[PDB]
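Residues per chain, in single letters:
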Amino acid sequence: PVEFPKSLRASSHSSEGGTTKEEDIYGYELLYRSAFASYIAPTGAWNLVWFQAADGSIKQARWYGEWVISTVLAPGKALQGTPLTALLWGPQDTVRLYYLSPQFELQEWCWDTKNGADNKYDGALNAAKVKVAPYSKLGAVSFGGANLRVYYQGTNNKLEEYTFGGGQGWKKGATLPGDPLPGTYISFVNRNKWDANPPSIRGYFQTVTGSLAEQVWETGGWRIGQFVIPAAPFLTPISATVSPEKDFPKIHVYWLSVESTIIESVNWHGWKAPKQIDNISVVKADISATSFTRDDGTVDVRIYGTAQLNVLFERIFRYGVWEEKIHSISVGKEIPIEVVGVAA
Amino acid sequence: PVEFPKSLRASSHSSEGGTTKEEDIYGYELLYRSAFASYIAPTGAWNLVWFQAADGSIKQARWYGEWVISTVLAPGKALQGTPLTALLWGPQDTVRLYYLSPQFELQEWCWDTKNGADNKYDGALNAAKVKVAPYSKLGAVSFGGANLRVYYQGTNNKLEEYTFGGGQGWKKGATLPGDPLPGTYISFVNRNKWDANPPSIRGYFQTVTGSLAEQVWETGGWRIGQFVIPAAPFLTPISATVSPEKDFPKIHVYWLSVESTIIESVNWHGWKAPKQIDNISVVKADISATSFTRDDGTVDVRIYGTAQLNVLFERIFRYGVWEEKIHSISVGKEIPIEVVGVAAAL
Ligand SMILES: OC[C@H]1O[C@@H](O)[C@@H](O)[C@@H](O)[C@@H]1O
Ligand SMILES: OC[C@H]1O[C@@H](O)[C@@H](O)[C@@H](O)[C@@H]1O
Ligand SMILES: OC[C@H]1O[C@@H](O)[C@@H](O)[C@@H](O)[C@@H]1O
Ligand SMILES: OC[C@H]1O[C@H](O)[C@@H](O)[C@@H](O)[C@@H]1O
C-alpha cells in the first residue's frame, strides 16, 4: 500500500479519526498537482473546468447532464505546470482562458459561441509577449462586457495588471500595492455584474510574511483591503468566487490549512470567521472555486482541485450545505491503490 | 508567519518536539521542488550538484573548498520540472547529465575535462529522439568506461533502458521487469567499478501497489531483487548510491517517510533494517545521494534536496556519523520568513 498520515483523512470514506485502510484512485493522465480554472454558468445549467493533462495539453471537463472531456490546447502550447484562469461573459457565450507559454509569457485562448458559432482560437494578448515571473499565478476579471483585466506576478514579484477594452487593445495596467510572496497563488473576482461598469474588484494573495491579503479596486485606484489572515501555509492554494445573495455580493475565499483541508472565509456585509468546510485532506495543489445565484436566491459554490491520490474532485455547496458526496471526474486512465494510515 | 505542522521539525534549529517559532529561508530562484542530480568525486575532493532554477535553466553547484554556482543549460532546453540524473567516470574527468526536453524526449549534456580540456556540449542521445512518459523520472549507470545505460519510464509505464557503447551508438535496451507506479522516482547504481565490465546494476523504484522494489542486472539478465519495502508514501522521492566499504559494495537507499523525513536502508553483507537518518522534515520533493570511499575503506555519503522553505540542503555522513550541521547552498535571491507550528486547521 501507500502510506498516509494516520491523523489525516484521505477521502470521504476514510475513518472518522483519520485514515486506517482504504482504496484511493491515481488518475495518472492528470498532471500531478495540475492547475485548475473553472466557470459555472450563471444559470447553473452547465459547468466548465480546465486542467493540464500529464502530456501538458490543456483539457476541458464540461458538465451538461454528464461530464465530457475535450482538449482545448495541444501539447507544446503551455508551460508544464502552467497556471490557469478563466473568464465567461455574454452572459455565457464568450470564454477566455489564460495560461503561460513555455517561455513564461501570458497567453490567451478564446471560445466564442454567439449566434451558434463555435470559434476556438488564439487571442490577441499573445502579441504583447508579456513576460512574467516564472512562478507567477494568474487571475482575471471582466466587466462592461468585453473589458478584460489579467493579473499576474511581474519579474520583481509585484502583482501587475494588463487591460483590454474600449477599442484600445491590450495595454499595461496598474501595478498593485502590497508585498506579494514570490509564487503566491492569486485569485481575482468582480463583485459587480458582468455587464456593469464600473467593476468592483477584489484580489486575494499571500504576502512575504505568509499572511493572506486583499487587493481592492473600488473608487479611486488600488488599495489593500480589510481581509487579513495573519498566518497560512507557505504557498497555500487560494481561490475566490463571488455571486449575489439578496442582491449583495457574497465573496467566498478558499485556501488550505496546515492539514491541507479547505478553509473558507465569506464576505457578505462583513467578513465571517474562517471555517473548515470539511476535514478531508486534499493534495496541496491548486484549487478553483466558482459560484452562481439560484433562481431561489441562494448561492451555490463548486470547488475543483486534486484529491488523494491524484483525482479531480468536485465539492458542492448547494441549498446551504456542503454535500457529503464529493465527486470525482475521470480524465483518463486510473489505477486503484490501497492506502494505510501510519503514525510517526 | 507561515504555518507548519507543529509535530514536525522544519529545520535543525526547530525545537526538540517540533516547530514552535523560527525563521526559515525561501530561495525563490530555485524551482520549487527542483529535481536534483549529484556526484562527489571518487577521491572526495570535489562535488557536483545539478538543479533547475525558477527560470527553467539547469544550473550546477560545484564544491572545491567553496561552493560556486554556474549555468549549464539555458532556459528552453529542459522541461519545467525535468528529472535529472548524472554519470561520472574516467575516473573523474567525464560527466554526463540526463534530462527531458519540453517535448518529453531524453537529452544528454556532456562535460569532458580529460587532459585539462573544458568542453560542455550536447550528447548524441538527443538525436535518437526517445519519447518517454511525460512524468518519467531518470536513472543512469556507466561501466567499462563509456558503456552507458539510461533508465526511464515508457509510455506504458514499464521501466525501459537505452544503451550506448561498443561503437554501436545509442540503441534501445531492455524492458525491465515489474509493475512500476506511473511517475515513480527511480535511482540506478552500479556496484562494480567504473572501469569494470560486466557491471552489477541495481535500480530502486515504487510499484503500482505502493511498495518499493529493486531491479537487478547480473550476467544472465534482469530480475526483481530481494529489496522490498511493503509500504511507502505515494510518489515518494527515492535516491540510491553505492561505493565499496572494506572492499564490498555498500548500497545506501533513501526515501521519505510520511513525515517527509529521510529513511535509509543499507545493503552491505545483507540488507539492514530501514532507519530514519534525522527527524527534520524536508520538502517532499526529489533528493539525490552520492558517496565515495576514503583511503581507509570507509564510505562517506552526501544527500542533496529541498529543505524548508525552499533551500538546497546538504546532509553529510562522514567518518561513520551524520553530522548535526545540515548545510544550505544558496542559488540566488532569498527571503527569510517566520514559521510557526500549528496543531489544527484553525
Ligand atoms: O475577438 C477576439 C478578441 O476578444 C477580446 O475579448 C480579447 O480576448 C482579445 O484578446 C481577442 O483577440
Ligand atoms: O564523445 C561524445 C559522446 O560521449 C559518449 O560517452 C556519449 O555520451 C555520447 O552520447 C556522446 O555523444
Ligand atoms: O544478488 C541479488 C541480490 O543482490 C544484493 O546485492 C541485493 O541488491 C539484493 O537485494 C539482491 O536481490
Ligand atoms: O470597500 C473595500 C471593502 O470591500 C468589502 O467589504 C471587502 O472586500 C473588504 O475586505 C474591503 O475592505
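Numbers on residues come from counting from 1 along each chain's written sequence, not from the entry itself, and any residue without coordinates is not displayed. Lettering of chains starts at A and numbering of ligands starts at 1, both following the order in which they are written. Side-chain descriptors were evaluated using all non-hydrogen atoms of the structure, hydrogens and water having been removed beforehand.

Under the PDB entry, the name given to chain B is AofleA, and the organism recorded is Arthrobotrys oligospora. Its PDB title, taken directly from the record, is "Crystal structure of AofleA from Arthrobotrys oligospora in complex with D-manose". UniProt positions are given in the numbering used here, feature names are shortened, and annotations may be inferred rather than shown by experiment. Per UniProt, the comment on chain B under Sequence similarities (unreviewed entry) is "Belongs to the fungal fucose-specific lectin family."

For chain A, the PDB entry supplies the name AofleA and the organism Arthrobotrys oligospora.

Novice: Requested: an account of the sheet that holds strand β5 (residues 58–63) of chain B, with residues and values cited.
Specialist: Residues and elements named next belong to chain B. The four strands are arranged β3-β4-β5-β6 in an open sheet whose pairing can be described as antiparallel. In this open sheet, the two edge strands, each paired with only one partner strand, are β3 (36–40) and β6 (67–73). Each strand of the sheet is rotated relative to its neighbour by a mean of 20 degrees, with strand direction disregarded. When DSSP finds two or more bridges between a pair of strands, those strands are recorded as paired. Here a helix means four or more residues in a row that DSSP labels H or I, a strand means two or more in a row labelled E, and each is numbered from the N terminus. Pairing geometry for β3 and strand β4 (residues 47–52), over five bridges, is antiparallel. Bridge pairing in β4 links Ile40 to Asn47. Whenever a helix is involved, its axis is fitted only over the stretch in contact; in every case the axis is a line through C-alpha atoms, and angles between N-to-C directions fall within 0 to 180 degrees.

Novice: So what's going on with the interface of chain B and chain A? Residues and values would help.
Specialist: Facing 42 residues of chain B, the contacting portion of chain A comprises 46 residues. Buried area is calculated as the accessible area (1.4 Å probe) missing from two parts once they are joined, with the contributions of both summed. Among the residues of chain B in contact with chain A, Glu3, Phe234 and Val258 of chain B are the three that bury the most area, contributing 18% of the side total. Between N or O atoms, a polar contact is any pair within 3.5 Å; within protein, one atom must be a potential hydrogen donor and the other a potential acceptor, and residues adjacent in sequence are included only when both atoms are from side chains. There are six residue pairs in polar contact connecting chain B and chain A. The element that contributes the greatest number of residues to the side of chain B that touches chain A is strand β1 (residues 2–5) of chain B, accounting for four residues. Residues are sorted three ways: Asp, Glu, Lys and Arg are charged, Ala, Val, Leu, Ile, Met, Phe, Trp, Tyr, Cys and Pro are nonpolar, and all the rest, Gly among them, are polar. Taken together, the residues of the side of chain B that touches chain A sort by class into 30 nonpolar, seven polar and five charged. The pairing of strand β19 (residues 232–233) of chain A with β1 of chain B spans two bridges and is parallel. Its bridge partner being in β1 of chain B, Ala232 of chain A is matched across the sheet by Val2 of chain B. Residue contacts follow a heavy-atom distance rule, with two residues in contact if any of their heavy atoms lie within 4.5 Å.

Novice: So what about empty space enclosed by the protein? Which residues, and what values?
Specialist: Empty pockets left among the atoms are what a rolling probe the size of a water molecule brings to light. Residue and element names in this part refer to chain A. In this analysis a 1.4 Å probe is tested at points of a 1 Å grid over the protein atoms alone, and where it fits but cannot get out there is a cavity; an open set with protein on both sides within 12 Å along at least five of seven lines is a pocket; lining residues have an atom within 4 Å of a point. Grid points are joined across faces, edges and corners, and a volume is the space filled by probe spheres set on the points. Considering all chains together, one arrives at one cavity of 30 Å³ or more under this definition. The calculated volume of the largest cavity comes to roughly 30 Å³. Together, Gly27, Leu30, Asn310, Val311, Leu312, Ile329, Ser330, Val331 and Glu334 line the largest cavity. At three residues, the largest contribution of residues to the lining of the largest cavity is made by strand β26 (residues 309–318).

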